[PDB]
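First, one chain by itself in structure tokens, the form deposited in one PDB entry.
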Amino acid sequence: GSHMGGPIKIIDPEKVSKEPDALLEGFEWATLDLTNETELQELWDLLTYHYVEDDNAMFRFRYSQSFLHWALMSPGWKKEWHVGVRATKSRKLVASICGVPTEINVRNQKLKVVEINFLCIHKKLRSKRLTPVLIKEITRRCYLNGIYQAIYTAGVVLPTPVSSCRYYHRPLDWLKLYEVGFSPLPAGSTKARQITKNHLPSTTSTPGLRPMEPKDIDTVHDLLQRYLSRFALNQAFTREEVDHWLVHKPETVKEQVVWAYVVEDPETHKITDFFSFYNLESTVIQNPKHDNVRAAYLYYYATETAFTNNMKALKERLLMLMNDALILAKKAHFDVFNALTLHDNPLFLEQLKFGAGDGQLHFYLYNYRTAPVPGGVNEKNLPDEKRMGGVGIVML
């Protein structure tokens, strides 16, 4: 045993069944080959019309083939972790659950895990308890390949979250967000006044800031590992993951999904900071004027300033950098910039006019117990500088 936590069940891979369990009559297992446009496009269609985490929302995600490729074919990916269910007689894809491999540090300990997402069941098949069946089959496939833990997030509370982080939203085009009914008009205020309140300039302020290039990978990999190692729960990137997750490839990528910038110090020419964000659009269900909201999501970032252990200095450096990330998202035509209260986010959220959203994201670990980790928020569910150092991993 151990007073530090660790696995719940020890698994012998040689004792795991090599055949899957039987599904409901009329249905069969499928392994998706996402390198085939036809199957990619079946998955796109199931998610487009059935992946609605909250039917109460006024927006739905709108995927691109590029976002799907970026999200599901990361380094080490295996086709057998893209699991589907088909109707035998029509061949129609009606459920999915997918995993990709990586490594995370959970307090003292490094673990190989899969990140699980895109769990989705067609509306016609809801409430048949298919979920535990999907979960048990991708588990079996991971166990056979030597992976016995997983990490996932959900908007709903399930047994023992390791952490919870609150949604925050910085309007970039306030007038459009007011028109789609995302933002109300405050008491006593006018449109002109909210437009003025949320206005940003068109030029950045941090000297040396430019888009990340392939030749930066090694230095950003190293800055990012040292930066993330300040958090209890963090992702342990390899150099190939930095390449896949952070560096846009225009020859390869139809629609840019990820924006990464570095600051190359002008005096020294060393990279001292970087930040990145990704693009995921939302369709607006019922609106006379707009069809979509283009949302940027804050992803990974780092700064050398964090290692002077001067918190005040770190805060100022992030206010400057994150203000320029807002300016750059706004120039690339995003409507809203989303962030969570993880990493060192509580240092800048409020000051940069991010507003509290109505929603929380919970982190879970499968087959592993560890003490809970602070999610950047206090008792009142507001951001709190004393509640950081916990969650150093972002999920798509």
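Rigid core: the largest C-alpha set superposing within 1.5 Å between the two forms. Just count from 1 along the sequence shown to find any residue number.
As for the form deposited in another entry, it is not shown, yet the points below apply to it.
Following superposition on the rigid core between this form and the one not shown, the residue from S205, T190, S229, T268 with a C-alpha displacement of 2 angstroms or more is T190, and no other. Once the cores line up, the CA of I327 ends up less than 2 angstroms apart between this form and the one not shown. Annotation for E53: C-alpha shift of 2 angstroms or more between this form and the one not shown, rigid core superposed.
Relative to this form, in the other form the C-alpha atoms of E53 and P159 separate from one another by 3 angstroms or more. Relative to the shown form, the CA atoms of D55 and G376 are brought 3 Å or more closer together in the other form.
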